[PDB]
Amino acid sequence: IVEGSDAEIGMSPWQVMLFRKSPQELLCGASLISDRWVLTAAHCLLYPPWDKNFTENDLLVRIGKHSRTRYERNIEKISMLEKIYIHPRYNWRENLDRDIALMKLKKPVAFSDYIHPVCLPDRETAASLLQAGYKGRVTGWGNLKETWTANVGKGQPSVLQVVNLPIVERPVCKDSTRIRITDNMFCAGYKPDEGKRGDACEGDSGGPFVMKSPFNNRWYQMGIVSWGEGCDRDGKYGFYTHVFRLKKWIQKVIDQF
Amino acid sequence: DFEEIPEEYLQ
Amino acid sequence: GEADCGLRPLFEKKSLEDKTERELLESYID
Ligand SMILES: N=C(N)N1CCC[C@@H](CNC(=O)[C@@H](Cc2ccccc2)NS(=O)(=O)c2ccc3ccccc3c2)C1
Ligand SMILES: *[C@@H]1O[C@H](CO)[C@@H](O)[C@H](O)[C@H]1NC(C)=O
């Protein structure tokens with residue numbers, strides 16, 4: 001997260017860390033949607049142009065975390081994966097279309113003050129909340145700047161970061177990039193003339209873009225951090241997987257499995 | 001720079 | 001019924017609000 005700030009403890013209890021076993025490194029964000037299912041971006045796990053193809057045994061999922069690096073003995077739960085499911089029509093060749101994946105935990109996690117699932121939206125929520133100019137929230141442990149001076153600058157955050165960003169009109173999204181955008185994506189960020197900044201960055205991918213409904217007080221996952229071009233560039237916007245448009249696939253996978 | 005986690009998970 | 005979701009034990013459930021959520025809600029009414 002570029003130009004965000006420190007999360008409060010428990011502010012995002014559905015935030016999941018994808019953790020590589022060997023070498024030990026932060027892979028990506030994810031989110032908790034029930035006691036045994038985790039939602040993330042497909043490109044976190046599978047991207048053949050860079051020979052990236054992670055397996056159930058390559059990864060741990062860490063839930064309830066605040067610190068990026070500490071083993072938070074009293075608070076976090078570490079789980080292994082039973083099975084990974086990638087959208088069958090996930091398009092890694094040209095635009096990261098349908099950038100979505102589900103992961104089933106080997107055992108259920110116990111909820112607590114620090115571990116709690118986010119809601120997926122229904123039709124009415126999606127139609128009310130997904131409108132240009134409205135703001136959602138992005139969280140993660142990814143980089144604080146696109147680039148920095150080696151061994152001097154920082155870098156990676158020490159605790160979870162948070163930034164609030166407005167949804168941007170579809171035509172402005174389209175004009176900002178040569179990449180072919182589909183209806184399975186939306187874009188968010190400030191416009192160059194607005195004098196605020198903020199973006200997701202490396203390591204934030206797969207994490208949740210969430211919105212709060214004023215009428216029932218619940219948080220909904222509307223997007224997944226998918227892609228962009230650098231971090232926090234002027235006249236550039238982050239792109240997000242459209243969770244609602246892909247809800248039917250989620251429903252199939254959870255029901256069948 | 002990660003603190004180590006129980007090696008049961010990493011073996 | 002439907003499993004509880006999107007209500008945080010340390011915030012909504014204790015009627016506390018986080019430092020910046022007010023910014024999100026205000027965006028709905030401009
Ligand atoms: N700026 C935001 N919000 N971002 C999301 C989080 C990571 C940030 C840094 N990453 C990035 O800036 C890009 C760099 C990149 C750009 C084009 C192609 C390959 C890599 N990685 S990416 O994961 O966003 C990515 C990966 C594969 C792709 C394939 C086709 C088209 C676009 C693709 C974008 C960008
Ligand atoms: C990735 O690896 C898995 C299991 O190791 C294999 O079954 C699958 O075909 C691979 N997919 C690609 C696109 O390389």
Side-chain angles (χ1 to χ4, degrees), chain A residues 1-32 38 40-41 43-47 50-81 84 103 105 109 112-115 137-163 197-208 224-228 230-232 238, chain B, chain C residues 19:
Chain A
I1 306 305
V2 185
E3 289 276 298
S5 71
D6 288 6
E8 302 165 66
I9 292 164
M11 153 182 279
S12 193
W14 38 77
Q15 182 77 219
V16 171
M17 182 181 288
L18 300 188
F19 193 70
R20 189 184 187 167
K21 286 172 161 176
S22 203
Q24 296 182 118
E25 70 186 12
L26 163 82
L27 265 210
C28 267
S31 63
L32 189 72
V38 165
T40 191
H43 90 272
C44 287
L45 309 158
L46 181 73
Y47 188 67
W50 305 335
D51 222 82
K52 188 201 278 211
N53 184 8
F54 296 109
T55 272
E56 294 75 14
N57 307 291
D58 296 333
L59 301 167
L60 293 168
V61 140
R62 304 172 67 172
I63 316 162
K65 290 195 60 53
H66 182 63
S67 171
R68 186 176 51 89
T69 55
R70 297 172 175 179
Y71 171 44
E72 300 165 297
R73 194 174 263 82
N74 306 309
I75 268 140
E76 90 174 82
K77 293 285 173 278
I78 304 169
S79 312
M80 307 180 281
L81 311 172
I84 291 174
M103 299 167 156
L105 307 187
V109 295
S112 74
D113 291 349
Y114 306 97
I115 297 172
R137 174 176 283 174
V138 189
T139 46
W141 293 276
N143 296 340
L144 295 173
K145 279 166 173 159
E146 191 182 324
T147 206
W148 65 89
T149 302
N151 312 306
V152 173
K154 47 191 118 305
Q156 280 90 235
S158 82
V159 303
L160 186 71
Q161 299 295 103
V162 62
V163 70
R197 320 190 51 91
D199 195 14
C201 202
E202 201 51 35
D204 292 316
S205 302
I224 301 169
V225 179
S226 187
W227 66 273
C231 307
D232 204 35
Chain B
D1 45 327
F2 290 86
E3 282 179 352
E4 63 181 15
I5 50 161
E7 54 264 296
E8 285 60 38
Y9 301 110
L10 290 165
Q11 76 172 39
Chain C
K19 280 176 150 58

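Letters A, B, ... mirror the listed sequences (proteins, then strands); counts begin at 1. When reading the values below, keep in mind they use all heavy atoms of this one structure, side chains included, and skip hydrogens, waters and symmetry mates.
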(request) Take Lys65(A) and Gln15(A) through the side chain to side chain contact (heavy atoms under 4.5 Å, CB included) test and state the conclusion after the steps. (result) CA-CA 8 Å; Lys65(A) 290 195 60 53; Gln15(A) 182 77 219; over 6 Å; no
(request) Decide side chain to side chain contact (heavy atoms under 4.5 Å, CB included) for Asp232(A) and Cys201(A); before the verdict, give the C-alpha distance in whole Å, the side-chain angles of both, and the deciding distance to 0.1 Å. (result) CA-CA 8 Å; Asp232(A) 204 35; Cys201(A) 202; over 6 Å; no
(request) Return the set of residues passing side-chain contact (heavy atoms from CB on, under 4.5 Å) with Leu27(A) (not counting sequence neighbours), or none when no residue passes. (result) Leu18(A), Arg20(A), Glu25(A), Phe54(A), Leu59(A)
(message) Checking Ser112(A) now: which residues fulfil side-chain contact (heavy atoms from CB on, under 4.5 Å) with it, not counting sequence neighbours?
(response) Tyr114(A), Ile115(A)
(request) To the nearest 0.5 angstrom, please state how far the CG atom of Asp204(A) sits from the CD1 atom of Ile1(A). (result) 3.5 Å
Considering only distance and modelled atom types, tabulate donor-acceptor pairs under 3.5 Å from the side chains of residues 156-163 of chain A, sequence neighbours left out.
none

(message) Among residues at least two apart in sequence or on other chains, which ones pass side-chain hydrogen bond (donor to acceptor under 3.5 Å, both in side chains) with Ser226(A)?
(response) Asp99(A)
(message) I'd like to check the side-chain hydrogen bond (donor to acceptor under 3.5 Å, both in side chains) partners of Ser31(A); sequence neighbours left out, ordered by chain and number.
(response) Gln221(A)
(request) Considering non-hydrogen atoms only, spot the tightest contact between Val225(A) and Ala200(A) and give its length. (result) CG1-CB, 3.7 Å
(request) Indicate yes or no for a side-chain donor-acceptor contact from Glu72(A) to the backbone of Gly64(A) under 3.5 Å, with no hydrogens or angles considered. (result) no
(request) Not counting sequence neighbours, list each pair that qualifies as a side chain to side chain donor-acceptor pair (under 3.5 Å) and has a residue in residues 1-10 of chain A. (result) none
(request) Scan residues 141-152 of chain A for pairs that pass salt bridge (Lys or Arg N to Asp or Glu O under 4.0 Å), counting only residues two or more places apart or in two chains. (result) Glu146(A)-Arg233(A)
(message) Apply side chain to side chain contact (heavy atoms under 4.5 Å, CB included) to residues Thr139(A) and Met11(A) and explain how you reach the verdict.
(response) CA-CA 10 Å; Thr139(A) 46; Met11(A) 153 182 279; 5.7 Å; no
(message) Within the 4.5 Å heavy-atom criterion, are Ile63(A) and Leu105(A) side-chain neighbours or not?
(response) yes
(request) Report the distance from atom CE of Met103(A) to atom OG1 of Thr40(A), rounding to the nearest 0.5 Å. (result) 5.5 Å
(request) Check whether any side-chain N or O of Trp227(A) sits under 3.5 Å from a backbone N or O of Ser205(A) as a donor-acceptor pair, and report yes or no. (result) no
(message) Taking side chain to side chain donor-acceptor pair (under 3.5 Å) as the cut-off, I'd like each qualifying pair that reaches into residues 53-62 of chain A, sequence neighbours left out, listed once.
(response) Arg62(A)-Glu76(A)
(request) Using side-chain hydrogen bond (donor to acceptor under 3.5 Å, both in side chains) as the criterion, list what pairs up with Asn143(A), not counting sequence neighbours. (result) none
Donor-acceptor contacts under 3.5 Å from residues 3-11 of chain B side chains, at least two apart:
residue : atom : partner  : partner atom : Å
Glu3(B) : OE1  : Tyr71(A) : N            : 2.8

(request) Any chance you could measure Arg73(A), atom CZ, to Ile75(A), atom CD1, to the nearest 0.5 Å? (result) 11.5 Å
(message) Assess the residue pair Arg197(A) and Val2(A) against the criterion (side chain to side chain contact (heavy atoms under 4.5 Å, CB included)); give the C-alpha distance rounded to whole Å, side-chain angles, the decisive distance to 0.1 Å, and a yes or no.
(response) CA-CA 8 Å; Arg197(A) 320 190 51 91; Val2(A) 185; over 6 Å; no
(request) Starting at NE2 of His43(A), measure out to NZ of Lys52(A) and round the result to the nearest 0.5 Å. (result) 6.0 Å
(request) Identify the two heavy atoms, one from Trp14(A) and one from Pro208(A), that lie closest to each other, and give their separation to 0.1 Å. (result) CD1-CG, 4.2 Å
(request) Taking salt bridge (charged side-chain N to carboxylate O under 4.0 Å, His left out) as the test, write out the residues that go with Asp1(B), two or more places apart. (result) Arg68(A)
